[PDB]
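A short worksheet on the structure shown next.
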C-alpha cells in the first residue's frame, strides 16, 4: 500500500513520454512518403531510396519507443496486481479487482490495458509499412519490369495506409497514457 504506488506513477509518467516520442517519429516518417516514387531513371530511384531510408530510421525509433511503452505499461500493471494484493504470497487476478483504496491506480490500469492494445496494433502496422517500403526497394532495383512504377505506387499507397493506421493507434494510446498519468498525479 505504499512504495509500489510511486513506482507505478513513475512508470506511467515515463510511458506517456515514450508515447509522445512515438507520435513524433510516425508523423516525420509520413512526411517522407507523400510524393510519388519512380524507378525509370537512376537519379529518381536514388531519391526514392533516400526517402525510404529516412522513413525507415523514423520507424525504427517509433518501434523502439512503442516496445518501451508496452514494457513500462505492463510493469505498471504488475506493480498494482502484486502491490494491491491482500496476501503477500499472491497477486490479484486482474486490475478491476484492486481495492477501492487504490481507485487511482485502478482507473489508470484500465486505461493502460487498452493503451497496450493500441501499442500492439501500432507496432503491427509499423511492421506492415516497413514491409511495403522493403517491397519498393526491391522494385527500385528492377527498373525494366513492365509497369514497375504502378507497382511502386501500389506499395507506397499501402505503406501510407499502414502508417496512418499506426498514427491513429498512437493518438489513442497517447491519450490513454496521459489520462492514466492524470489519474495518478
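Rule-based calculations on the coordinates, nothing more; no lab input. Counting neighbours? That spans all protein chains shown, and the Cβs are built from the backbone with ideal geometry, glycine included.
Quick notes on this one:
- Test set (1) surrounded by fewer than 19 Cβ atoms within 10 Å (Cβ to Cβ); (2) without any contact (Cβ under 8 Å) to a residue 40 or more places away in the chain; (3) closer than 21 Å to residue 175 by Cα - residue 77 fails condition number: (1)
- In the range 142-157, the residues that are touching a helix residue (DSSP H, G or I) at 6+ places or on another chain (Cβ under 9 Å) and either loosely packed, with under 15 Cβ neighbours inside 10 Å or closer than 30 Å to residue 108 by Cα (or both): 142, 145, 157
- Looking only at the range 98-126, and only at residues there that are within 19 Å of residue 59 (Cα to Cα) and free of Cβ contacts under 8 Å to residues at least 40 places away in the same chain, the one that is surrounded by the fewest Cβ atoms within 10 Å (Cβ to Cβ): 117
- Of all residues making up the range 21-47, the number that are closer than 21 Å to residue 161 by Cα, touching a residue at least 24 places away in the same chain (Cβ under 8 Å) and part of a helix (DSSP H, G or I): 9
- Looking across the range 1-22, the residues that are under 13 Å from the mean Cα position of the chain (by Cα) and either exposed (fewer than 14 other Cβ atoms within 10 Å of the Cβ) or over 24 Å from residue 155 (Cβ atoms) (or both) come down to 15, 16, 17, 18, 19, 20, 21.
- None of 173, 131, 165, 160 is touching a helix residue (DSSP H, G or I) at 6+ places or on another chain (Cβ under 6 Å), surrounded by fewer than 19 Cβ atoms within 10 Å (Cβ to Cβ) and assigned to a helix (DSSP H, G or I) except 165.
- Evaluating residue 39 against the criteria (1) crowded, with 17+ Cβ neighbours inside 10 Å; (2) within 17 Å of residue 178 (Cα to Cα); (3) touching a helix residue (DSSP H, G or I) at 6+ places or on another chain (Cβ under 6 Å) leaves one unmet condition, (2).
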